[PDB]
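Encoded as structure tokens, the following chain is the form deposited in one PDB entry, with no partner shown.
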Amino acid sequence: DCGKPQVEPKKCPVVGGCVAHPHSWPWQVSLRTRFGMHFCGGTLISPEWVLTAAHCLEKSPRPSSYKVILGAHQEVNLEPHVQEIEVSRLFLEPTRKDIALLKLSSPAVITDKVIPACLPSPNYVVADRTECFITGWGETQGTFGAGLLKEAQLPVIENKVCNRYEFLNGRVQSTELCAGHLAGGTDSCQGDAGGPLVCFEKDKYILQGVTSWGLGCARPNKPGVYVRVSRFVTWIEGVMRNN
């Protein structure tokens, strides 16, 4: 059952936002070096497959350089039941987009704390103002929560508006989407890249974005940019089917 957490998440009362109800985001992964250091996020989309950002793998083209942590809440004191799995193969998106697939050495064990997120239908366009969630262990820029999994509820901004001069001035492609509060203060940041942007649809969470880049973090009029997952579903499915 993809997209359905067992520990229901909570809204807030990653820069800003709040600490996540522990294990309320069971698809969240921590992408780490062979040495145990968190540097990027990821999303479990199937027991053997993690979706992250291509730029997170810029340092090494070697699957051995990476490990995936599943089911955690703490970044340092990993809980005992935490699943730590090596990566066997890396798949960079073939058109140089900032998205990539990780095939794990062993299929993650599905538990109340480790659950895959659902994928959207091809070419779905998250509507303007849709409130979605981003999560990760990234920088907090003095906002509390360092070391614990944080979340933020952000409104999507349609590309036509996001590309205006007042915002990102034509930098955003159709294969990306924008999200964030234009007054600033709450945003994903370095360390959250490759992590999920999920939207609640009917009764479950759908992976709609991959945290990619931005002009800084939580700055006014500077929403974050995310890879538009719906434009890569067909490629993702082909990779999982043929590998």
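All residue numbers are counted from 1 along the displayed sequence. By rigid core we mean the largest C-alpha set that fits within 1.5 Å across both forms.
There is also a form deposited in another entry; it is not shown, and the following applies to it.
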Subject >> Rigid-core fit between the shown form and the other one, the member of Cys217, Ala54, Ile69, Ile206 whose C-alpha shifts 2 angstroms or more >> reply: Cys217
**OP:** Superpose the two forms on their rigid core, then report whether the C-alpha of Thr140 is displaced by 2 angstroms or more between the shown form and the other one.
**Re:** yes
Original post:
Against the rigid core, is the Cα displacement of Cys189 between the shown form and the other one at least 2 Å?
Top reply: yes
**OP:** Please say whether the CA atoms of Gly191 and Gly136 come closer or move farther apart in the other entry, knowing the change relative to this form is 3 Å or more.
**Re:** closer
Original post:
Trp27 to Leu215, Cα distance in the other entry relative to here: closer or farther, by 3 Å or more?
Top reply: closer
